[PDB]
Amino acid sequence: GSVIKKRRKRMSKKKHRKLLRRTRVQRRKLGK
Amino acid sequence: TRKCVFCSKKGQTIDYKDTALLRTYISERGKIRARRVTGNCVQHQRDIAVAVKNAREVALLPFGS
Amino acid sequence: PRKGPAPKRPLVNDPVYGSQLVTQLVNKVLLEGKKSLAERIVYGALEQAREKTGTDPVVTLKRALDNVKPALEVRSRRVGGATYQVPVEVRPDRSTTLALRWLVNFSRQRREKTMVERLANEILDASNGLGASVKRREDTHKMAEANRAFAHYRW
Amino acid sequence: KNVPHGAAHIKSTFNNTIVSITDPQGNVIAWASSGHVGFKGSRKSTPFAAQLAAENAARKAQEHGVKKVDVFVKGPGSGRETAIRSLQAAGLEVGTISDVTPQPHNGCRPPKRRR
RNA sequence: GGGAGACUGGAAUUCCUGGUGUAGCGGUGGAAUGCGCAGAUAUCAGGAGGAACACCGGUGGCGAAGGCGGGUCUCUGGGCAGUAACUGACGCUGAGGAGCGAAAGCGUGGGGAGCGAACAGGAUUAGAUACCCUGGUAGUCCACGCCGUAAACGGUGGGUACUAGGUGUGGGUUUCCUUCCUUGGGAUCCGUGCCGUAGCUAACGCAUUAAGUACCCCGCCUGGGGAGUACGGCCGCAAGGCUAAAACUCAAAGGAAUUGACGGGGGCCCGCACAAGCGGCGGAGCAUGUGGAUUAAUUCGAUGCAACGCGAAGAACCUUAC
């Protein structure tokens with residue numbers, strides 16, 4: 001296939017992972 | 001393509017003590033020479049390599065003169 | 001010169017002396033497009049050599065040529081950003097051309113004020129090895145056996 | 001001192017070239033390097049600088065009374081043969097030439113590859 | 001080189017100690033930080049320590065996959081071939097479930113030569129939180145446990161039977177030449193590559209190791225984003241992993257091949273392109289043209305090669321448009 005599709009998937013995953021790292025302490029406070 | 005001298009009925013058995021046979025299959029720098037040059041089969045080339053290493057450890061052959 | 005070797009021009013024989021050397025010399029010394037001056041200059045130099053050395057001009061000219069004819073030359077070839085001065089043997093034609101070129105080139109740096117005795121004097125010196133072009137000839141030989149370090153490329 | 005037979009160690013790298021004249025027992029009596037003869041930067045990686053360094057080392061060892069030399073040459077060749085010829089030209093004698101380049105048996109980890 | 005344990009060998013890098021020995025070494029497209037002159041680099045001799053095992057060594061062997069080569073010993077798993085003595089359908093697949101599972105990462109305790117995220121300088125640049133250079137912590141290594149993911153790929157689930165061949169190679173049995181050595185050749189079983197029919201495919205291509213012809217069982221798919229995300233739940237020390245939507249939004253997103261164009265992609269062939277030679281320009285004075293600056297205007301156009309003795313083959317008034 002092409003690598004455009006993998007590129008879209010990796011861009012979305014990278015943004016989500018960065019967001020998940022940015023709010024670690026707030027999530028830890030809320031969940032527990 | 002040559003024949004394996006050990007596969008013939010008159011091929012000597014391979015031992016790490018008998019260092020002349022091993023000197024036959026090592027180059028002037030002490031390295032083991034490729035199986036294409038010697039022409040011997042897979043099993044006997046493996047035997048020769050193991051014997052050369054064993055003789056090298058007991059200091060009967062040099063470690064790459 | 002990309003397709004193949006170029007044709008070689010014929011050389012007209014001299015009517016006065018009968019050797020191609022003098023006509024080659026007058027061609028080499030020719031300047032600005034005046035033949036007549038050129039052969040009169042070279043003939044005056046020949047006659048002054050005649051009256052000075054006491055021997056024939058042809059034999060002393062050939063002896064001077066042999067004393068100036070080189071056998072090896074230097075060619076510059078670049079690779080990987082480094083230029084190497086490979087020594088190369090010389091075809092006889094290039095040797096003769098270089099000898100005449102060197103003689104005429106060192107004919108023009110003298111102080112003795114006119115061309116004919118300049119040429120005669122250097123002919124005598126090259127016959128005896130006292131010239132300036134000869135100095136460059138043994139210099140070229142000195143770098144020929146000096147720059148032997150770059151010969152395995154063979155270019 | 002007067003040692004009539006010594007040894008020459010030529011180490012040629014991609015950035016320099018250094019020649020050391022030693023006694024047959026490993027004591028240096030004269031050394032010269034490609035930047036010791038007046039070269040800087042990249043210019044000391046050239047064969048010409050190797051020639052000059054070899055000539056200078058040969059002369060300084062010669063004034064100590066050295067006649068014949070065994071050559072142990074080493075490193076990724078940049079000015080090896082030029083150094084050999086410069087030793088021969090400067091009035092020395094080269095008896096034997098041997099390449100002694102350190103060869104690992106796959107130990108240690110080389111640095112990452114440039115890009 | 002299938003796995004686990006113990007002992008052990010040599011080359012090389014680093015550091016320390018001692019000789020000889022000097023003023024440079026290192027690095028790069030070029031340099032500078034950096035190391036030395038308090039004795040560096042280099043060359044000898046001795047010692048300490050850790051990690052990986054040149055040559056043999058390959059599209060070659062083994063393993064269910066991940067993966068496995070310095071030597072020796074100890075313990076142990078799978079495969080193939082021949083004989084066919086033995087049991088007598090005991091077979092295949094397998095929802096959930098369990099076990100193994102590269103690298104990175106986590107916990108406790110060791111170890112630490114080389115390399116090297118993060119971090120400091122130097123250089124490049126309009127700027128360089130990068131590429132290049134000099135240092136360098138976790139980590140890489142060992143013991144015992146967590147995690148459970150990879151472009152974990154043949155992007156090809158397992159079992160079985162049939163369908164032209166040619167030619168390499170690994171393991172084993174047999175017959176004909178028999179010299180009884182040899183890839184001597186043939187036959188047969190089990191692997192591993194290339195080429196090729198029929199057949200299949202949208203095409204590329206697969207082709208007895210099928211993506212062909214058929215039967216049994218499992219997993220999965222139903223336009224692209226939102227999204228493998230949210231809520232709920234389970235697991236984990238943590239990082240996070242597994243199960244898994246909707247509102248909304250677009251009229252497409254895709255796969256293969258074809259013709260051009262382009263490449264800071266290649267290969268051949270030409271040309272005064274280089275080379276081999278002769279004569280010049282850039283240095284001086286002068287004539288033109290242009291850029292720039294002044295004033296009333298210094299009329300307008302031309303502006304890498306392909307503008308600069310060009311429109312202009314003729315500016316005192318005229319020309320001339322200022």
# chains A, B, ... in the order shown; residues from 1 in each chain; ligands from 1
call {"tool": "closest_atom_pairs", "arguments": {"of": "chain D", "to": "chain E", "cutoff": "10 Å", "atoms": "only C-alpha atoms (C1' of nucleotides)", "output": "CSV"}}
result
residue,atom,partner,partner_atom,distance
D:7,CA,E:43,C1',9.9
D:8,CA,E:43,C1',9.7
D:9,CA,E:43,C1',7.9
D:10,CA,E:42,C1',9.5
D:11,CA,E:42,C1',8.7
D:15,CA,E:27,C1',8.0
D:16,CA,E:25,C1',9.6
D:18,CA,E:42,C1',7.6
D:19,CA,E:42,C1',8.0
D:20,CA,E:42,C1',6.6
D:21,CA,E:43,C1',8.6
D:22,CA,E:43,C1',6.9
D:23,CA,E:20,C1',8.8
D:24,CA,E:44,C1',9.6
D:25,CA,E:44,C1',6.6
D:26,CA,E:44,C1',4.3
D:27,CA,E:20,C1',4.0
D:28,CA,E:20,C1',5.0
D:29,CA,E:21,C1',6.7
D:30,CA,E:21,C1',7.6
D:31,CA,E:22,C1',7.6
D:32,CA,E:22,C1',9.2
D:33,CA,E:24,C1',8.5
D:35,CA,E:24,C1',7.6
D:36,CA,E:24,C1',7.0
D:41,CA,E:31,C1',7.9
D:42,CA,E:28,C1',7.7
D:102,CA,E:12,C1',6.7
D:103,CA,E:12,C1',6.2
D:104,CA,E:12,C1',4.2
D:105,CA,E:54,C1',4.0
D:106,CA,E:52,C1',5.7
D:107,CA,E:52,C1',4.6
D:108,CA,E:114,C1',4.8
D:109,CA,E:114,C1',5.3
D:110,CA,E:115,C1',6.8
D:111,CA,E:115,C1',6.2
D:112,CA,E:115,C1',8.1
D:114,CA,E:132,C1',8.2
D:115,CA,E:131,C1',7.1
call {"tool": "write_last_selection", "arguments": {"atoms": "C-alpha atoms", "output": "compact mmCIF listing (two decimals), in the first residue's frame"}}
result
# COMPACT_ATOMS: atom_id res chain seq x y z
CA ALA D 7 62.93 0.65 13.49
CA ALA D 8 60.40 2.99 11.89
CA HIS D 9 56.78 3.17 13.02
CA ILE D 10 54.52 5.01 10.57
CA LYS D 11 50.96 5.65 11.77
CA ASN D 15 43.54 13.14 9.71
CA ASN D 16 47.34 13.02 10.21
CA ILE D 18 53.21 10.41 12.39
CA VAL D 19 56.62 8.74 12.07
CA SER D 20 58.71 7.53 15.02
CA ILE D 21 62.25 6.14 14.82
CA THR D 22 62.97 3.76 17.69
CA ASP D 23 65.76 1.57 18.94
CA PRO D 24 65.21 -2.15 18.24
CA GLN D 25 63.97 -2.33 21.84
CA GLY D 26 61.23 0.31 21.66
CA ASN D 27 62.99 3.51 22.79
CA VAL D 28 62.20 6.52 20.61
CA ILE D 29 65.24 8.47 19.44
CA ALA D 30 63.56 10.81 16.91
CA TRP D 31 59.95 11.49 15.95
CA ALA D 32 58.24 13.76 13.44
CA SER D 33 54.56 14.38 12.76
CA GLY D 35 51.80 18.94 11.69
CA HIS D 36 55.27 19.40 13.14
CA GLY D 41 43.85 21.52 9.63
CA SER D 42 43.08 19.11 6.83
CA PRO D 102 45.20 -3.64 15.38
CA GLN D 103 42.35 -6.01 14.54
CA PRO D 104 39.64 -6.75 17.12
CA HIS D 105 38.01 -10.17 17.29
CA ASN D 106 34.61 -8.49 17.77
CA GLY D 107 35.15 -6.82 21.10
CA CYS D 108 33.92 -3.33 22.08
CA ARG D 109 31.22 -1.28 20.32
CA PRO D 110 32.07 1.16 17.50
CA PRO D 111 30.48 4.63 17.54
CA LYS D 112 27.23 5.20 15.68
CA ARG D 114 27.59 9.30 10.62
CA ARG D 115 24.83 10.69 8.43
call {"tool": "interface_residues", "arguments": {"of": "chain B", "to": "chain E", "cutoff": "6 Å", "atoms": "only C-alpha atoms (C1' of nucleotides)", "output": "list in words"}}
result
residues 31, 32, 49 and 57 of chain B
call {"tool": "closest_residue", "arguments": {"among": "E:246, E:300, E:276, E:64", "to": "residue C:1", "atoms": "only C-alpha atoms (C1' of nucleotides)"}}
result
E:276
call {"tool": "residues_around", "arguments": {"residues": "residue C:97", "least_positions_apart": "2", "cutoff": "12 Å", "atoms": "only C-alpha atoms (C1' of nucleotides)", "output": "number ranges by chain"}}
result
C: 21, 24-25, 27-29, 65, 68-70, 90-95, 99-105; E: 276-277
call {"tool": "residues_around", "arguments": {"residues": "residue A:12", "least_positions_apart": "6", "cutoff": "12 Å", "atoms": "only C-alpha atoms (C1' of nucleotides)", "output": "PDB file with N, CA and C atoms (P, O5', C5', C4', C3', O3' and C1' of nucleotides), in the first residue's frame"}}
result
ATOM      1  N   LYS A   5      -1.360   6.416   4.881  1.00  0.00           N
ATOM      2  CA  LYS A   5      -2.274   5.911   5.901  1.00  0.00           C
ATOM      3  C   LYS A   5      -1.556   5.701   7.229  1.00  0.00           C
ATOM      4  N   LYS A   6      -0.379   5.072   7.184  1.00  0.00           N
ATOM      5  CA  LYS A   6       0.433   4.934   8.387  1.00  0.00           C
ATOM      6  C   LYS A   6       0.802   6.297   8.949  1.00  0.00           C
ATOM      7  N   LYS A  18       0.839  12.455  23.508  1.00  0.00           N
ATOM      8  CA  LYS A  18       1.317  13.699  24.101  1.00  0.00           C
ATOM      9  C   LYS A  18       0.282  14.282  25.056  1.00  0.00           C
ATOM     10  N   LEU A  19      -0.995  14.259  24.664  1.00  0.00           N
ATOM     11  CA  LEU A  19      -2.049  14.710  25.570  1.00  0.00           C
ATOM     12  C   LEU A  19      -2.100  13.858  26.832  1.00  0.00           C
TER      13      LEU A  19
ATOM     14  P     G E 225      -9.695   6.232   7.816  1.00  0.00           P
ATOM     15  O5'   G E 225      -9.933   7.767   8.165  1.00  0.00           O
ATOM     16  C5'   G E 225     -10.048   8.194   9.513  1.00  0.00           C
ATOM     17  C4'   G E 225     -10.551   9.611   9.604  1.00  0.00           C
ATOM     18  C3'   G E 225     -10.854  10.108  11.005  1.00  0.00           C
ATOM     19  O3'   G E 225      -9.700  10.542  11.693  1.00  0.00           O
ATOM     20  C1'   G E 225     -12.635  10.672   9.561  1.00  0.00           C
ATOM     21  P     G E 226      -9.419  10.021  13.180  1.00  0.00           P
ATOM     22  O5'   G E 226     -10.666  10.553  14.011  1.00  0.00           O
ATOM     23  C5'   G E 226     -10.923  11.943  14.131  1.00  0.00           C
ATOM     24  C4'   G E 226     -12.267  12.206  14.758  1.00  0.00           C
ATOM     25  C3'   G E 226     -12.534  11.503  16.074  1.00  0.00           C
ATOM     26  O3'   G E 226     -11.931  12.147  17.178  1.00  0.00           O
ATOM     27  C1'   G E 226     -14.400  11.244  14.664  1.00  0.00           C
ATOM     28  P     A E 227     -11.200  11.280  18.311  1.00  0.00           P
ATOM     29  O5'   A E 227     -10.655  10.003  17.535  1.00  0.00           O
ATOM     30  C5'   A E 227      -9.411   9.416  17.897  1.00  0.00           C
ATOM     31  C4'   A E 227      -9.419   7.914  17.752  1.00  0.00           C
ATOM     32  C3'   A E 227      -9.204   7.375  16.338  1.00  0.00           C
ATOM     33  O3'   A E 227      -8.528   6.125  16.445  1.00  0.00           O
ATOM     34  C1'   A E 227     -11.242   6.580  17.163  1.00  0.00           C
ATOM     35  P     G E 228      -7.250   5.784  15.537  1.00  0.00           P
ATOM     36  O5'   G E 228      -6.946   4.262  15.888  1.00  0.00           O
ATOM     37  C5'   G E 228      -6.321   3.899  17.115  1.00  0.00           C
ATOM     38  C4'   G E 228      -7.324   3.725  18.228  1.00  0.00           C
ATOM     39  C3'   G E 228      -6.776   3.118  19.522  1.00  0.00           C
ATOM     40  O3'   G E 228      -7.484   3.675  20.628  1.00  0.00           O
ATOM     41  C1'   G E 228      -8.529   1.784  18.721  1.00  0.00           C
ATOM     42  P     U E 229      -6.708   4.169  21.943  1.00  0.00           P
ATOM     43  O5'   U E 229      -7.586   5.389  22.459  1.00  0.00           O
ATOM     44  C5'   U E 229      -7.263   6.719  22.091  1.00  0.00           C
ATOM     45  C4'   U E 229      -8.460   7.631  22.164  1.00  0.00           C
ATOM     46  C3'   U E 229      -9.408   7.417  23.329  1.00  0.00           C
ATOM     47  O3'   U E 229      -8.945   7.987  24.539  1.00  0.00           O
ATOM     48  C1'   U E 229     -10.652   7.657  21.342  1.00  0.00           C
TER      49        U E 229
END
call {"tool": "residues_around", "arguments": {"residues": "residue C:148", "least_positions_apart": "4", "cutoff": "12 Å", "atoms": "only C-alpha atoms (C1' of nucleotides)", "output": "ChimeraX atom specification"}}
result
/C:72-74,84-88,141-144,152-154 /D:81-82,85-86,89
call {"tool": "atom_distance", "arguments": {"atom1": "atom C1' of residue E:79", "atom2": "atom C1' of residue E:189"}}
result
13.9 Å
call {"tool": "residues_around", "arguments": {"residues": "stretch 260-272 of chain E", "least_positions_apart": "2", "cutoff": "10 Å", "atoms": "only C-alpha atoms (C1' of nucleotides)", "output": "ChimeraX atom specification"}}
result
/C:2-3 /E:274
call {"tool": "write_last_selection", "arguments": {"atoms": "N, CA, C and O atoms (P, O5', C5', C4', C3', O3' and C1' of nucleotides)", "output": "PDB file, in the first residue's frame"}}
result
ATOM      1  N   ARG C   2      37.619  13.889 -29.888  1.00  0.00           N
ATOM      2  CA  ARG C   2      36.771  12.934 -29.185  1.00  0.00           C
ATOM      3  C   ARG C   2      36.524  11.680 -30.013  1.00  0.00           C
ATOM      4  O   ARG C   2      36.457  10.575 -29.465  1.00  0.00           O
ATOM      5  N   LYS C   3      36.379  11.831 -31.330  1.00  0.00           N
ATOM      6  CA  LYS C   3      36.134  10.677 -32.188  1.00  0.00           C
ATOM      7  C   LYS C   3      37.392   9.829 -32.341  1.00  0.00           C
ATOM      8  O   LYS C   3      37.400   8.639 -32.009  1.00  0.00           O
TER       9      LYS C   3
ATOM     10  P     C E 274      36.837  24.535 -22.322  1.00  0.00           P
ATOM     11  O5'   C E 274      37.607  23.300 -21.677  1.00  0.00           O
ATOM     12  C5'   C E 274      37.604  23.108 -20.272  1.00  0.00           C
ATOM     13  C4'   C E 274      38.088  21.735 -19.877  1.00  0.00           C
ATOM     14  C3'   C E 274      39.560  21.438 -20.084  1.00  0.00           C
ATOM     15  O3'   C E 274      40.402  22.033 -19.112  1.00  0.00           O
ATOM     16  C1'   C E 274      38.281  19.592 -20.794  1.00  0.00           C
TER      17        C E 274
END
call {"tool": "residues_around", "arguments": {"residues": "residue D:67", "least_positions_apart": "6", "cutoff": "6 Å", "atoms": "only C-alpha atoms (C1' of nucleotides)", "output": "ChimeraX atom specification"}}
result
/D:4-5,92
call {"tool": "write_last_selection", "arguments": {"atoms": "N, CA, C and O atoms", "output": "PDB file, in the first residue's frame"}}
result
ATOM      1  N   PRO D   4      73.040   1.684  15.263  1.00  0.00           N
ATOM      2  CA  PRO D   4      73.194   1.534  13.809  1.00  0.00           C
ATOM      3  C   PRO D   4      71.999   0.905  13.118  1.00  0.00           C
ATOM      4  O   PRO D   4      71.850   1.084  11.902  1.00  0.00           O
ATOM      5  N   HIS D   5      71.149   0.180  13.840  1.00  0.00           N
ATOM      6  CA  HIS D   5      69.965  -0.442  13.261  1.00  0.00           C
ATOM      7  C   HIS D   5      68.789  -0.165  14.182  1.00  0.00           C
ATOM      8  O   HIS D   5      68.832  -0.518  15.363  1.00  0.00           O
ATOM      9  N   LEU D  92      68.531   6.319   4.189  1.00  0.00           N
ATOM     10  CA  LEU D  92      68.321   5.165   5.045  1.00  0.00           C
ATOM     11  C   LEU D  92      68.105   3.914   4.202  1.00  0.00           C
ATOM     12  O   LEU D  92      67.905   3.975   2.987  1.00  0.00           O
TER      13      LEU D  92
END
call {"tool": "interface_residues", "arguments": {"of": "chain C", "to": "chain D", "cutoff": "10 Å", "atoms": "only C-alpha atoms", "output": "VMD selection string"}}
result
chain C and resid 82 146 148 to 150
call {"tool": "write_last_selection", "arguments": {"atoms": "N, CA, C and O atoms", "output": "PDB file, in the first residue's frame"}}
result
ATOM      1  N   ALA C  82      42.481  15.616  -5.015  1.00  0.00           N
ATOM      2  CA  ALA C  82      43.934  15.696  -4.969  1.00  0.00           C
ATOM      3  C   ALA C  82      44.488  15.487  -6.370  1.00  0.00           C
ATOM      4  O   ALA C  82      44.093  14.544  -7.062  1.00  0.00           O
ATOM      5  N   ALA C 146      61.998  11.908  -9.638  1.00  0.00           N
ATOM      6  CA  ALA C 146      61.684  12.340  -8.282  1.00  0.00           C
ATOM      7  C   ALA C 146      60.239  12.031  -7.917  1.00  0.00           C
ATOM      8  O   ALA C 146      59.949  11.654  -6.778  1.00  0.00           O
ATOM      9  N   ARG C 148      58.351   9.568  -8.899  1.00  0.00           N
ATOM     10  CA  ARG C 148      58.016   8.181  -9.191  1.00  0.00           C
ATOM     11  C   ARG C 148      56.985   7.611  -8.227  1.00  0.00           C
ATOM     12  O   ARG C 148      56.468   6.516  -8.478  1.00  0.00           O
ATOM     13  N   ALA C 149      56.683   8.317  -7.134  1.00  0.00           N
ATOM     14  CA  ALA C 149      55.774   7.794  -6.122  1.00  0.00           C
ATOM     15  C   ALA C 149      54.366   7.573  -6.656  1.00  0.00           C
ATOM     16  O   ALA C 149      53.621   6.768  -6.087  1.00  0.00           O
ATOM     17  N   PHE C 150      53.985   8.258  -7.729  1.00  0.00           N
ATOM     18  CA  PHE C 150      52.641   8.155  -8.295  1.00  0.00           C
ATOM     19  C   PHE C 150      52.760   7.557  -9.694  1.00  0.00           C
ATOM     20  O   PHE C 150      52.830   8.281 -10.689  1.00  0.00           O
TER      21      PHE C 150
END
call {"tool": "closest_residue", "arguments": {"among": "C:22, C:134, C:124, C:11", "to": "residue C:55", "atoms": "only C-alpha atoms"}}
result
C:124
call {"tool": "select_by_dssp", "arguments": {"residues": "stretch 7-51 of chain B", "states": "alpha helix (DSSP H)", "output": "PyMOL selection string"}}
result
chain B and resi 19-24+35-38+42-51
call {"tool": "atom_distance", "arguments": {"atom1": "atom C1' of residue E:247", "atom2": "atom CA of residue A:15"}}
result
22.3 Å
call {"tool": "atom_distance", "arguments": {"atom1": "atom CA of residue C:61", "atom2": "atom CA of residue C:126"}}
result
8.7 Å
call {"tool": "closest_residue", "arguments": {"among": "D:44, D:100, D:61, D:93", "to": "chain B", "atoms": "only C-alpha atoms"}}
result
D:100
call {"tool": "closest_residue", "arguments": {"among": "E:143, E:65, E:190, E:238", "to": "residue E:105", "atoms": "only C-alpha atoms (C1' of nucleotides)"}}
result
E:238
call {"tool": "select_by_dssp", "arguments": {"residues": "stretch 13-62 of chain D", "states": "strand (DSSP E)", "output": "compact mmCIF listing (two decimals) with C-alpha atoms, in the first residue's frame"}}
result
# COMPACT_ATOMS: atom_id res chain seq x y z
CA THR D 17 50.50 10.93 9.77
CA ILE D 18 53.21 10.41 12.39
CA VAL D 19 56.62 8.74 12.07
CA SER D 20 58.71 7.53 15.02
CA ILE D 21 62.25 6.14 14.82
CA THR D 22 62.97 3.76 17.69
CA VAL D 28 62.20 6.52 20.61
CA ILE D 29 65.24 8.47 19.44
CA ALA D 30 63.56 10.81 16.91
CA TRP D 31 59.95 11.49 15.95
CA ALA D 32 58.24 13.76 13.44
CA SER D 33 54.56 14.38 12.76
